[PDB]
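Engineer: Structure file final31.pdb (PDB, C-alpha atoms) right here:
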ATOM      1  CA  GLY A   1      -8.516  17.552   2.294
ATOM      2  CA  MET A   2      -9.709  15.595  -0.757
ATOM      3  CA  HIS A   3     -11.388  18.729  -2.166
ATOM      4  CA  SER A   4      -8.641  21.293  -1.502
ATOM      5  CA  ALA A   5      -8.061  23.460  -4.595
ATOM      6  CA  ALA A   6      -4.356  22.744  -4.778
ATOM      7  CA  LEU A   7      -4.972  18.974  -4.689
ATOM      8  CA  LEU A   8      -7.790  19.099  -7.231
ATOM      9  CA  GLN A   9      -5.500  20.931  -9.678
ATOM     10  CA  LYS A  10      -3.626  17.612  -9.948
ATOM     11  CA  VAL A  11      -6.560  15.527 -11.156
ATOM     12  CA  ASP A  12      -5.819  15.869 -14.882
ATOM     13  CA  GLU A  13      -2.131  15.291 -14.298
ATOM     14  CA  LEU A  14      -2.339  11.911 -12.647
ATOM     15  CA  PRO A  15      -1.072   8.874 -14.448
ATOM     16  CA  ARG A  16      -3.629   6.949 -16.411
ATOM     17  CA  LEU A  17      -3.948   3.185 -16.447
ATOM     18  CA  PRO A  18      -3.935   1.437 -19.816
ATOM     19  CA  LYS A  19      -7.446   0.391 -20.783
ATOM     20  CA  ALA A  20      -6.790  -3.348 -20.318
ATOM     21  CA  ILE A  21      -5.340  -2.820 -16.864
ATOM     22  CA  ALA A  22      -8.258  -0.612 -15.793
ATOM     23  CA  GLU A  23     -10.590  -3.339 -17.086
ATOM     24  CA  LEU A  24      -8.629  -6.000 -15.191
ATOM     25  CA  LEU A  25      -8.835  -4.010 -11.939
ATOM     26  CA  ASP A  26     -12.606  -3.592 -12.582
ATOM     27  CA  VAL A  27     -12.932  -7.341 -12.793
ATOM     28  CA  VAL A  28     -10.789  -8.255  -9.739
ATOM     29  CA  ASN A  29     -12.135  -5.402  -7.548
ATOM     30  CA  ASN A  30     -15.642  -6.811  -8.204
ATOM     31  CA  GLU A  31     -16.368  -9.437  -5.553
ATOM     32  CA  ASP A  32     -19.024 -10.889  -7.866
ATOM     33  CA  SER A  33     -16.628 -11.599 -10.789
ATOM     34  CA  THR A  34     -16.363 -15.302 -11.565
ATOM     35  CA  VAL A  35     -13.191 -17.392 -11.488
ATOM     36  CA  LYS A  36     -13.566 -17.754 -15.276
ATOM     37  CA  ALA A  37     -13.804 -13.994 -15.735
ATOM     38  CA  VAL A  38     -10.666 -13.299 -13.695
ATOM     39  CA  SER A  39      -8.698 -16.190 -15.286
ATOM     40  CA  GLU A  40      -9.708 -15.293 -18.818
ATOM     41  CA  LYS A  41      -8.804 -11.602 -18.363
ATOM     42  CA  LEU A  42      -5.361 -12.490 -16.945
ATOM     43  CA  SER A  43      -4.707 -15.042 -19.699
ATOM     44  CA  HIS A  44      -4.295 -12.115 -22.157
ATOM     45  CA  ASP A  45      -1.448 -10.565 -20.105
ATOM     46  CA  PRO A  46       1.202 -13.247 -19.686
ATOM     47  CA  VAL A  47       3.728 -10.685 -18.341
ATOM     48  CA  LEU A  48       1.442  -9.528 -15.550
ATOM     49  CA  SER A  49       0.374 -13.183 -14.921
ATOM     50  CA  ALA A  50       4.047 -14.203 -14.530
ATOM     51  CA  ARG A  51       4.483 -11.386 -12.005
ATOM     52  CA  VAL A  52       1.410 -12.596 -10.080
ATOM     53  CA  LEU A  53       2.838 -16.092  -9.900
ATOM     54  CA  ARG A  54       6.273 -14.869  -8.727
ATOM     55  CA  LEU A  55       4.528 -13.044  -5.893
ATOM     56  CA  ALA A  56       2.449 -16.134  -5.193
ATOM     57  CA  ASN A  57       5.619 -18.255  -4.973
ATOM     58  CA  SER A  58       7.360 -16.032  -2.379
ATOM     59  CA  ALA A  59       5.701 -18.080   0.496
ATOM     60  CA  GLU A  66       4.522 -24.182  -5.653
ATOM     61  CA  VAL A  67       2.069 -22.762  -8.268
ATOM     62  CA  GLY A  68       3.044 -22.671 -11.953
ATOM     63  CA  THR A  69      -0.216 -21.394 -13.466
ATOM     64  CA  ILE A  70      -3.056 -18.987 -12.579
ATOM     65  CA  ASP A  71      -5.602 -21.853 -12.793
ATOM     66  CA  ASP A  72      -3.350 -23.506 -10.225
ATOM     67  CA  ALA A  73      -3.145 -20.433  -7.974
ATOM     68  CA  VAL A  74      -6.979 -20.063  -7.979
ATOM     69  CA  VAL A  75      -7.144 -23.523  -6.396
ATOM     70  CA  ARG A  76      -3.953 -23.455  -4.248
ATOM     71  CA  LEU A  77      -4.419 -19.915  -2.801
ATOM     72  CA  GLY A  78      -8.128 -19.158  -3.223
ATOM     73  CA  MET A  79      -9.464 -16.198  -5.113
ATOM     74  CA  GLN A  80      -9.490 -13.673  -2.304
ATOM     75  CA  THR A  81      -5.683 -14.026  -2.228
ATOM     76  CA  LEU A  82      -5.336 -14.217  -6.042
ATOM     77  CA  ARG A  83      -7.315 -10.985  -6.499
ATOM     78  CA  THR A  84      -5.064  -9.302  -4.067
ATOM     79  CA  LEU A  85      -1.894 -10.393  -5.917
ATOM     80  CA  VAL A  86      -3.393  -9.299  -9.257
ATOM     81  CA  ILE A  87      -4.072  -5.862  -7.794
ATOM     82  CA  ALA A  88      -0.527  -5.666  -6.472
ATOM     83  CA  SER A  89       0.980  -6.794  -9.773
ATOM     84  CA  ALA A  90      -1.137  -4.333 -11.745
ATOM     85  CA  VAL A  91      -0.244  -1.411  -9.510
ATOM     86  CA  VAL A  92       3.495  -2.287  -9.589
ATOM     87  CA  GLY A  93       3.348  -2.425 -13.401
ATOM     88  CA  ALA A  94       1.705   0.985 -13.607
ATOM     89  CA  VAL A  95       4.566   2.582 -11.504
ATOM     90  CA  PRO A  96       7.589   3.848 -13.560
ATOM     91  CA  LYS A  97      11.187   4.343 -12.497
ATOM     92  CA  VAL A  98      11.465   7.322 -10.169
ATOM     93  CA  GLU A  99      14.768   9.130  -9.730
ATOM     94  CA  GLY A 100      16.368   8.301  -6.408
ATOM     95  CA  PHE A 101      14.340   5.145  -5.749
ATOM     96  CA  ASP A 102      15.218   1.538  -6.036
ATOM     97  CA  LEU A 103      11.914  -0.003  -6.860
ATOM     98  CA  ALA A 104      12.773  -3.453  -5.307
ATOM     99  CA  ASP A 105      13.466  -1.611  -2.022
ATOM    100  CA  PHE A 106      10.403   0.696  -2.406
ATOM    101  CA  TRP A 107       8.071  -2.181  -3.097
ATOM    102  CA  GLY A 108       9.745  -4.380  -0.507
ATOM    103  CA  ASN A 109       8.948  -1.826   2.173
ATOM    104  CA  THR A 110       5.436  -1.433   0.847
ATOM    105  CA  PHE A 111       4.813  -5.193   0.978
ATOM    106  CA  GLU A 112       6.209  -5.297   4.535
ATOM    107  CA  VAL A 113       3.628  -2.683   5.468
ATOM    108  CA  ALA A 114       0.897  -4.555   3.557
ATOM    109  CA  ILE A 115       1.692  -7.840   5.281
ATOM    110  CA  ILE A 116       1.614  -6.165   8.676
ATOM    111  CA  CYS A 117      -1.700  -4.450   7.906
ATOM    112  CA  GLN A 118      -3.260  -7.772   6.870
ATOM    113  CA  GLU A 119      -2.358  -9.263  10.266
ATOM    114  CA  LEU A 120      -3.757  -6.223  12.088
ATOM    115  CA  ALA A 121      -7.026  -6.605  10.129
ATOM    116  CA  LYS A 122      -7.288 -10.242  11.141
ATOM    117  CA  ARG A 123      -7.038  -9.119  14.750
ATOM    118  CA  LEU A 124      -9.501  -6.256  14.349
ATOM    119  CA  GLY A 125     -11.991  -8.485  12.504
ATOM    120  CA  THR A 126     -11.860  -6.453   9.232
ATOM    121  CA  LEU A 127     -11.195  -7.881   5.754
ATOM    122  CA  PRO A 128      -7.500  -8.781   5.640
ATOM    123  CA  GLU A 129      -7.230  -8.440   1.854
ATOM    124  CA  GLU A 130      -8.583  -4.885   2.041
ATOM    125  CA  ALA A 131      -5.839  -3.938   4.507
ATOM    126  CA  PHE A 132      -3.195  -5.600   2.355
ATOM    127  CA  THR A 133      -4.376  -3.543  -0.618
ATOM    128  CA  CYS A 134      -4.339  -0.357   1.381
ATOM    129  CA  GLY A 135      -0.708  -1.153   2.189
ATOM    130  CA  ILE A 136       0.078  -1.702  -1.513
ATOM    131  CA  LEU A 137      -1.316   1.744  -2.331
ATOM    132  CA  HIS A 138      -0.192   3.720   0.675
ATOM    133  CA  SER A 139       3.136   5.174  -0.424
ATOM    134  CA  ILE A 140       2.566   5.828  -4.110
ATOM    135  CA  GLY A 141       2.004   9.558  -3.447
ATOM    136  CA  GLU A 142       5.705   9.798  -2.459
ATOM    137  CA  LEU A 143       6.572   8.687  -6.008
ATOM    138  CA  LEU A 144       4.024  10.956  -7.654
ATOM    139  CA  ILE A 145       5.540  14.053  -5.937
ATOM    140  CA  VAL A 146       9.082  13.191  -7.052
ATOM    141  CA  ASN A 147       7.924  12.653 -10.609
ATOM    142  CA  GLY A 148       5.522  15.547 -10.821
ATOM    143  CA  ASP A 149       7.431  18.151  -8.890
ATOM    144  CA  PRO A 150      11.102  17.106  -9.012
ATOM    145  CA  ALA A 151      12.587  20.418  -7.943
ATOM    146  CA  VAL A 152      10.186  20.873  -5.011
ATOM    147  CA  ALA A 153      10.716  17.259  -3.936
ATOM    148  CA  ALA A 154      14.444  17.771  -3.773
ATOM    149  CA  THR A 155      14.037  21.053  -1.870
ATOM    150  CA  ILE A 156      11.780  19.233   0.589
ATOM    151  CA  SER A 157      14.273  16.403   1.099
ATOM    152  CA  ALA A 158      17.029  18.873   1.829
ATOM    153  CA  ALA A 159      14.813  20.606   4.461
ATOM    154  CA  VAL A 160      13.908  17.214   5.902
ATOM    155  CA  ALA A 161      17.600  16.409   6.230
ATOM    156  CA  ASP A 162      17.816  19.529   8.453
ATOM    157  CA  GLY A 163      14.923  18.375  10.616
ATOM    158  CA  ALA A 164      11.785  19.673   8.879
ATOM    159  CA  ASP A 165       8.635  17.521   8.697
ATOM    160  CA  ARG A 166       8.216  16.160   5.176
ATOM    161  CA  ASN A 167       4.379  16.250   5.168
ATOM    162  CA  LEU A 168       4.260  19.796   6.475
ATOM    163  CA  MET A 169       6.852  20.854   3.901
ATOM    164  CA  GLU A 170       4.764  19.343   1.139
ATOM    165  CA  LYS A 171       1.722  21.310   2.305
ATOM    166  CA  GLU A 172       3.679  24.486   2.363
ATOM    167  CA  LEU A 173       5.196  24.223  -1.088
ATOM    168  CA  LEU A 174       2.522  22.190  -2.937
ATOM    169  CA  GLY A 175      -0.681  22.821  -0.960
ATOM    170  CA  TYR A 176      -1.184  19.077  -0.347
ATOM    171  CA  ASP A 177       0.873  16.164   0.984
ATOM    172  CA  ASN A 178       1.928  12.751  -0.234
ATOM    173  CA  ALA A 179      -0.908  10.984   1.628
ATOM    174  CA  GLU A 180      -3.515  13.248  -0.026
ATOM    175  CA  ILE A 181      -2.152  12.825  -3.577
ATOM    176  CA  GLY A 182      -1.750   9.051  -3.034
ATOM    177  CA  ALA A 183      -5.374   8.989  -1.950
ATOM    178  CA  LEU A 184      -6.371  11.048  -4.998
ATOM    179  CA  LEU A 185      -4.565   8.530  -7.256
ATOM    180  CA  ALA A 186      -6.367   5.612  -5.565
ATOM    181  CA  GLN A 187      -9.658   7.429  -6.029
ATOM    182  CA  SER A 188      -8.884   8.134  -9.701
ATOM    183  CA  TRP A 189      -7.937   4.489 -10.249
ATOM    184  CA  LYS A 190     -11.368   3.490  -8.895
ATOM    185  CA  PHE A 191     -10.439   1.949  -5.566
ATOM    186  CA  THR A 192     -13.070   2.070  -2.819
ATOM    187  CA  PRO A 193     -13.703   5.047  -0.622
ATOM    188  CA  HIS A 194     -12.575   3.034   2.402
ATOM    189  CA  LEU A 195      -9.185   2.495   0.809
ATOM    190  CA  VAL A 196      -8.928   6.152  -0.250
ATOM    191  CA  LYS A 197      -9.695   7.405   3.291
ATOM    192  CA  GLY A 198      -7.144   4.931   4.787
ATOM    193  CA  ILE A 199      -4.423   6.308   2.541
ATOM    194  CA  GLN A 200      -5.490   9.922   3.177
ATOM    195  CA  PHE A 201      -5.264   9.718   6.979
ATOM    196  CA  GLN A 202      -2.231   7.423   7.324
ATOM    197  CA  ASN A 203      -0.130  10.161   9.078
ATOM    198  CA  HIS A 204      -2.969  11.442  11.283
ATOM    199  CA  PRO A 205      -5.367   8.669  12.001
ATOM    200  CA  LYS A 206      -6.798  10.157  15.156
ATOM    201  CA  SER A 207      -7.896  13.305  13.214
ATOM    202  CA  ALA A 208     -10.332  11.376  10.985
ATOM    203  CA  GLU A 209     -14.034  11.808  11.766
ATOM    204  CA  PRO A 210     -15.320   9.176  11.937
ATOM    205  CA  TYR A 211     -12.192   7.185  12.594
ATOM    206  CA  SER A 212     -10.707   5.118   9.775
ATOM    207  CA  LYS A 213      -9.428   1.740  10.950
ATOM    208  CA  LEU A 214      -7.423   1.404   7.753
ATOM    209  CA  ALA A 215      -5.604   4.682   8.411
ATOM    210  CA  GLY A 216      -4.880   3.487  11.960
ATOM    211  CA  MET A 217      -3.548   0.189  10.592
ATOM    212  CA  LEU A 218      -1.350   2.037   8.107
ATOM    213  CA  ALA A 219       0.000   4.326  10.824
ATOM    214  CA  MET A 220       0.842   1.359  13.055
ATOM    215  CA  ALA A 221       2.229  -0.840  10.247
ATOM    216  CA  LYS A 222       4.432   1.987   8.907
ATOM    217  CA  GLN A 223       5.981   2.622  12.313
ATOM    218  CA  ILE A 224       6.568  -1.103  12.842
ATOM    219  CA  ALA A 225       8.227  -1.430   9.453
ATOM    220  CA  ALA A 226      10.320   1.730   9.882
ATOM    221  CA  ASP A 227      11.618   1.187  13.366
ATOM    222  CA  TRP A 228      11.758  -2.617  13.678
ATOM    223  CA  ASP A 229      15.556  -2.690  13.600
ATOM    224  CA  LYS A 230      15.842  -0.070  16.326
ATOM    225  CA  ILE A 231      14.009  -2.203  18.967
ATOM    226  CA  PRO A 232      15.614  -5.043  20.925
ATOM    227  CA  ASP A 233      14.025  -8.415  20.106
ATOM    228  CA  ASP A 234      12.965  -8.834  23.760
ATOM    229  CA  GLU A 235      11.244  -5.418  24.157
ATOM    230  CA  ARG A 236       8.759  -5.436  21.258
ATOM    231  CA  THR A 237       5.306  -5.891  22.871
ATOM    232  CA  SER A 238       5.741  -2.718  24.991
ATOM    233  CA  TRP A 239       6.812  -0.940  21.791
ATOM    234  CA  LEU A 240       3.754  -2.226  19.971
ATOM    235  CA  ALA A 241       1.586  -1.134  22.918
ATOM    236  CA  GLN A 242       2.862   2.460  22.524
ATOM    237  CA  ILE A 243       2.194   2.342  18.785
ATOM    238  CA  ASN A 244      -1.362   1.072  19.365
ATOM    239  CA  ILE A 245      -1.964   4.292  21.386
ATOM    240  CA  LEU A 246      -0.269   6.679  18.935
ATOM    241  CA  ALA A 247      -2.332   5.171  16.089
ATOM    242  CA  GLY A 248      -5.650   4.868  17.922
ATOM    243  CA  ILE A 249      -6.301   1.361  16.531
ATOM    244  CA  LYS A 250      -6.834  -0.793  19.693
ATOM    245  CA  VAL A 251      -5.392  -4.043  18.291
ATOM    246  CA  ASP A 252      -5.031  -7.234  20.302
ATOM    247  CA  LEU A 253      -1.334  -7.427  21.260
ATOM    248  CA  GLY A 254      -1.418 -11.083  22.352
ATOM    249  CA  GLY A 255       1.163 -12.979  20.298
ATOM    250  CA  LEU A 256       1.538 -10.003  17.948
ATOM    251  CA  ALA A 257       5.253  -9.437  18.379
ATOM    252  CA  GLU A 258       5.880 -13.158  17.827
ATOM    253  CA  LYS A 259       3.693 -13.180  14.685
ATOM    254  CA  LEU A 260       5.326 -10.057  13.257
ATOM    255  CA  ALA A 261       8.760 -11.588  13.817
ATOM    256  CA  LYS A 262       7.699 -14.723  11.901
ATOM    257  CA  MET A 263       6.698 -12.570   8.903
ATOM    258  CA  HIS A 264       9.439  -9.957   9.073
ATOM    259  CA  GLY A 265      11.238  -9.738   5.723
ATOM    260  CA  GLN A 266       8.631 -11.593   3.678
ATOM    261  CA  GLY A 267       7.640  -8.237   2.139
ATOM    262  CA  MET A 268      11.218  -7.448   1.174
ATOM    263  CA  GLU A 269      11.412 -10.892  -0.454
ATOM    264  CA  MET A 270       8.197 -10.118  -2.387
ATOM    265  CA  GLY A 271       9.765  -6.863  -3.578
ATOM    266  CA  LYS A 272      12.758  -8.780  -4.936
ATOM    267  CA  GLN A 273      10.427 -11.067  -6.938
ATOM    268  CA  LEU A 274       8.852  -8.204  -8.899
ATOM    269  CA  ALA A 275      11.564  -7.843 -11.565
TER     270      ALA A 275
END
Can you give me the file's structure in the form of structure tokens?
Structural biologist:
Amino acid sequence: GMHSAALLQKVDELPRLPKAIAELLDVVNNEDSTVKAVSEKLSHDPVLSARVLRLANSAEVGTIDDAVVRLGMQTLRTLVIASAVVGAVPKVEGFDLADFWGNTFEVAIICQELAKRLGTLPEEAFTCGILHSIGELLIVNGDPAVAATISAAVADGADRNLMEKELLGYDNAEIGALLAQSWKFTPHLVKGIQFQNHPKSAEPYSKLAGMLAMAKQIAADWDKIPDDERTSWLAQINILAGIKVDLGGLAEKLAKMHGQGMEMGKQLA
């Protein structure tokens, strides 16, 4: 849990955002920030702004002022958050960050669609997707030897999350949630991340965790499922996750968007 001793021992080890990035996230996480406030803050970080616009052009906006009008602020905020988070994540041994972030965006895009269907805020689900897998990275960087030992066990059939609990006293979902909490994301987001691998064990249930569980499975196994047998697959995932999402047209919609996250990942660099 979020208050387990082993997890809490990590709190002063977590990566810290640079002041200006923390301040930027404060501004764009605040639904009552003005367009001026968001635009002015971004204007001082042309590198991060360029990254935002590359993400915004993955489907033609050339400026942030432009994007505010072409995409609307709810979308712009979301892309700022993504760009800020991506910038705050270093190289990690054994990861290609274009591939890592591509997969993460795939999950985020899927979650956003699920939220639309469930009637929750789609930008919140997208953000939860952006944040969901960062704990994987934190474990590799913070505990390299243990991470490698875990991967070897996993190659021989062990469960990664259970291995992490055994050797670290917490798992990648918990430390990813702890990071999100430390970086001042909302409790809803934190709980979504925390329960991504066990959504039905949350009390009360977290829709975001259910969305993550579903979206992760869709992203992971998409290529294993014939193109004409997807709705029955999705139906089974709905049950495993506990999320009760309208399946009507879902397979068709997911197919339309498939790969758009990977393309976003390629635009980061």
Engineer: Evaluate the PyMOL selection byres ((chain A and resi 91) around 12) against this structure - the residues, as a ChimeraX atom specification, please.
Structural biologist: /A:15-18,21-22,24-25,48,51-52,84-90,92-96,107,110,133-140,185-186,189,191,274
Engineer: Tell me which of A:11, A:240, A:56, A:50 sits closest to residue 253 in chain A, counting all atoms listed in the file.
Structural biologist: A:240
Engineer: Taking all atoms listed in the file into account, name the residue in A:170, A:130, A:252, A:99 that is nearest to residue 198 in chain A.
Structural biologist: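 Among the listed residues, the smallest separation from residue 198 in chain A belongs to A:130.
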Engineer: Expressed in Å to a single decimal, how great is the separation between CA of residue 249 in chain A and CA of residue 216 in chain A?
Structural biologist: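 The value is 5.2 Å.
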Engineer: Evaluate the PyMOL selection byres ((chain A and resi 105) around 12) and record the selected residues as a ChimeraX atom specification, following the chain and residue labels used in the document.
Structural biologist: /A:100-104,106-112,265,267-275
Engineer: Using the chain letters and numbering of this document, enumerate as JSON, numbers by chain the residues selected by the PyMOL selection byres ((chain A and resi 73) around 12).
Structural biologist: {"A": [35, 38, 39, 49, 50, 52, 53, 54, 55, 56, 57, 66, 67, 68, 69, 70, 71, 72, 74, 75, 76, 77, 78, 79, 80, 81, 82, 83, 84, 85, 86]}
Engineer: Just write the chosen residues, C-alpha atoms, as a JSON list (two decimals), in the frame of the given file.
Structural biologist:
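So again31.json came out as:
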[["chain", "number", "residue", "atom", "x", "y", "z"],
["A", 35, "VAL", "CA", -13.19, -17.39, -11.49],
["A", 38, "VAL", "CA", -10.67, -13.30, -13.70],
["A", 39, "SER", "CA", -8.70, -16.19, -15.29],
["A", 49, "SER", "CA", 0.37, -13.18, -14.92],
["A", 50, "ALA", "CA", 4.05, -14.20, -14.53],
["A", 52, "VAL", "CA", 1.41, -12.60, -10.08],
["A", 53, "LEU", "CA", 2.84, -16.09, -9.90],
["A", 54, "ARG", "CA", 6.27, -14.87, -8.73],
["A", 55, "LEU", "CA", 4.53, -13.04, -5.89],
["A", 56, "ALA", "CA", 2.45, -16.13, -5.19],
["A", 57, "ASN", "CA", 5.62, -18.26, -4.97],
["A", 66, "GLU", "CA", 4.52, -24.18, -5.65],
["A", 67, "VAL", "CA", 2.07, -22.76, -8.27],
["A", 68, "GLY", "CA", 3.04, -22.67, -11.95],
["A", 69, "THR", "CA", -0.22, -21.39, -13.47],
["A", 70, "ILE", "CA", -3.06, -18.99, -12.58],
["A", 71, "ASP", "CA", -5.60, -21.85, -12.79],
["A", 72, "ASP", "CA", -3.35, -23.51, -10.22],
["A", 74, "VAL", "CA", -6.98, -20.06, -7.98],
["A", 75, "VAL", "CA", -7.14, -23.52, -6.40],
["A", 76, "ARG", "CA", -3.95, -23.46, -4.25],
["A", 77, "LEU", "CA", -4.42, -19.92, -2.80],
["A", 78, "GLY", "CA", -8.13, -19.16, -3.22],
["A", 79, "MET", "CA", -9.46, -16.20, -5.11],
["A", 80, "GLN", "CA", -9.49, -13.67, -2.30],
["A", 81, "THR", "CA", -5.68, -14.03, -2.23],
["A", 82, "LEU", "CA", -5.34, -14.22, -6.04],
["A", 83, "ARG", "CA", -7.32, -10.98, -6.50],
["A", 84, "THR", "CA", -5.06, -9.30, -4.07],
["A", 85, "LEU", "CA", -1.89, -10.39, -5.92],
["A", 86, "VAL", "CA", -3.39, -9.30, -9.26]]
Engineer: Using CA of residue 222 in chain A and CA of residue 157 in chain A as the two end points, give the distance in Å to one decimal.
Structural biologist: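 According to the coordinates, CA of residue 222 in chain A and CA of residue 157 in chain A are separated by 19.1 Å.
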Engineer: So, with only C-alpha atoms as the atoms that count, which of A:160, A:28, A:117, A:220 lies closest to residue 206 in chain A?
Structural biologist: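 Closest to residue 206 in chain A, using only C-alpha atoms: A:220.
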Engineer: Point out the residue among A:168, A:8, A:173, A:184 with the least atom-to-atom distance to residue 153 in chain A, counting only C-alpha atoms.
Structural biologist: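 For residue 153 in chain A, the nearest of the given residues is A:173.
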Engineer: One decimal, Å: what's the distance from CA of residue 19 in chain A over to CA of residue 197 in chain A, could you say?
Structural biologist: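 A separation of 25.2 Å between them.
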Engineer: Using all atoms listed in the file, pick whichever of A:2, A:203, A:128, A:59 has the shortest atom-to-atom distance to residue 266 in chain A.
Structural biologist: A:59
Engineer: Which one is closest to residue 205 in chain A: A:156, A:245, A:181, A:225? Count only C-alpha atoms.
Structural biologist: A:245
Engineer: Do you know which residues are at most 8 Å from residue 221 in chain A counting all atoms listed in the file, after dropping those on the same chain fewer than 6 positions away, and could you put them as an MDAnalysis selection string?
Structural biologist: chainID A and resid 113:114 116:117
Engineer: Report the centre and edge lengths, in Å to one decimal, of an axis-aligned box enclosing every atom of range 122-132 of chain A listed in the file, padded by 5 Å on each side, as lines of an AutoDock Vina configuration file.
Structural biologist:
center_x = -7.6
center_y = -7.1
center_z = 8.3
size_x = 18.8
size_y = 16.3
size_z = 22.9
Engineer: Just need range 201-216 of chain A in a file, please: N, CA, C and O atoms, as a PDB file, in the first residue's frame.
Structural biologist:
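As written to disk, part_25.pdb reads:
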ATOM      1  N   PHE A 201      -3.390   0.808  -8.609  1.00  0.00           N
ATOM      2  CA  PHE A 201      -4.176  -0.425  -8.734  1.00  0.00           C
ATOM      3  C   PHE A 201      -4.214  -0.977 -10.141  1.00  0.00           C
ATOM      4  O   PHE A 201      -4.977  -1.901 -10.409  1.00  0.00           O
ATOM      5  N   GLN A 202      -3.360  -0.480 -11.048  1.00  0.00           N
ATOM      6  CA  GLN A 202      -3.417  -0.901 -12.447  1.00  0.00           C
ATOM      7  C   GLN A 202      -3.368  -2.441 -12.678  1.00  0.00           C
ATOM      8  O   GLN A 202      -3.803  -2.891 -13.731  1.00  0.00           O
ATOM      9  N   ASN A 203      -2.672  -3.155 -11.808  1.00  0.00           N
ATOM     10  CA  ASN A 203      -2.504  -4.632 -11.969  1.00  0.00           C
ATOM     11  C   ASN A 203      -3.515  -5.454 -11.202  1.00  0.00           C
ATOM     12  O   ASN A 203      -3.577  -6.693 -11.437  1.00  0.00           O
ATOM     13  N   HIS A 204      -4.329  -4.783 -10.387  1.00  0.00           N
ATOM     14  CA  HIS A 204      -5.352  -5.397  -9.547  1.00  0.00           C
ATOM     15  C   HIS A 204      -6.536  -4.524  -9.344  1.00  0.00           C
ATOM     16  O   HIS A 204      -6.922  -4.234  -8.219  1.00  0.00           O
ATOM     17  N   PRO A 205      -7.172  -4.127 -10.432  1.00  0.00           N
ATOM     18  CA  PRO A 205      -8.252  -3.150 -10.249  1.00  0.00           C
ATOM     19  C   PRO A 205      -9.424  -3.610  -9.401  1.00  0.00           C
ATOM     20  O   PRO A 205     -10.012  -2.815  -8.661  1.00  0.00           O
ATOM     21  N   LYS A 206      -9.760  -4.921  -9.473  1.00  0.00           N
ATOM     22  CA  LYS A 206     -10.885  -5.365  -8.707  1.00  0.00           C
ATOM     23  C   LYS A 206     -10.615  -5.416  -7.193  1.00  0.00           C
ATOM     24  O   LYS A 206     -11.568  -5.577  -6.440  1.00  0.00           O
ATOM     25  N   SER A 207      -9.361  -5.275  -6.760  1.00  0.00           N
ATOM     26  CA  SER A 207      -9.040  -5.259  -5.321  1.00  0.00           C
ATOM     27  C   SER A 207      -9.109  -3.883  -4.655  1.00  0.00           C
ATOM     28  O   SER A 207      -8.874  -3.771  -3.439  1.00  0.00           O
ATOM     29  N   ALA A 208      -9.359  -2.829  -5.440  1.00  0.00           N
ATOM     30  CA  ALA A 208      -9.527  -1.490  -4.899  1.00  0.00           C
ATOM     31  C   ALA A 208     -10.879  -1.294  -4.240  1.00  0.00           C
ATOM     32  O   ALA A 208     -11.910  -1.696  -4.789  1.00  0.00           O
ATOM     33  N   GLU A 209     -10.904  -0.679  -3.061  1.00  0.00           N
ATOM     34  CA  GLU A 209     -12.144  -0.404  -2.354  1.00  0.00           C
ATOM     35  C   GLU A 209     -12.163   1.025  -1.886  1.00  0.00           C
ATOM     36  O   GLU A 209     -11.323   1.412  -1.049  1.00  0.00           O
ATOM     37  N   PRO A 210     -13.049   1.866  -2.422  1.00  0.00           N
ATOM     38  CA  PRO A 210     -13.937   1.577  -3.566  1.00  0.00           C
ATOM     39  C   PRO A 210     -13.156   1.399  -4.851  1.00  0.00           C
ATOM     40  O   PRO A 210     -11.966   1.724  -4.935  1.00  0.00           O
ATOM     41  N   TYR A 211     -13.856   0.871  -5.862  1.00  0.00           N
ATOM     42  CA  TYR A 211     -13.245   0.677  -7.156  1.00  0.00           C
ATOM     43  C   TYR A 211     -12.761   1.945  -7.798  1.00  0.00           C
ATOM     44  O   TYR A 211     -13.414   2.989  -7.725  1.00  0.00           O
ATOM     45  N   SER A 212     -11.592   1.863  -8.426  1.00  0.00           N
ATOM     46  CA  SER A 212     -11.024   2.962  -9.224  1.00  0.00           C
ATOM     47  C   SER A 212     -11.269   2.682 -10.709  1.00  0.00           C
ATOM     48  O   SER A 212     -10.681   1.751 -11.287  1.00  0.00           O
ATOM     49  N   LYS A 213     -12.097   3.523 -11.318  1.00  0.00           N
ATOM     50  CA  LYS A 213     -12.283   3.404 -12.781  1.00  0.00           C
ATOM     51  C   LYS A 213     -10.985   3.594 -13.565  1.00  0.00           C
ATOM     52  O   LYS A 213     -10.734   2.897 -14.541  1.00  0.00           O
ATOM     53  N   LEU A 214     -10.146   4.537 -13.124  1.00  0.00           N
ATOM     54  CA  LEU A 214      -8.882   4.726 -13.803  1.00  0.00           C
ATOM     55  C   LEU A 214      -7.989   3.493 -13.774  1.00  0.00           C
ATOM     56  O   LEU A 214      -7.370   3.175 -14.780  1.00  0.00           O
ATOM     57  N   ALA A 215      -7.927   2.789 -12.651  1.00  0.00           N
ATOM     58  CA  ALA A 215      -7.153   1.570 -12.567  1.00  0.00           C
ATOM     59  C   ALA A 215      -7.737   0.513 -13.507  1.00  0.00           C
ATOM     60  O   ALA A 215      -6.969  -0.168 -14.144  1.00  0.00           O
ATOM     61  N   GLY A 216      -9.047   0.455 -13.573  1.00  0.00           N
ATOM     62  CA  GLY A 216      -9.717  -0.503 -14.485  1.00  0.00           C
ATOM     63  C   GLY A 216      -9.385  -0.173 -15.922  1.00  0.00           C
ATOM     64  O   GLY A 216      -9.109  -1.072 -16.746  1.00  0.00           O
TER      65      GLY A 216
END
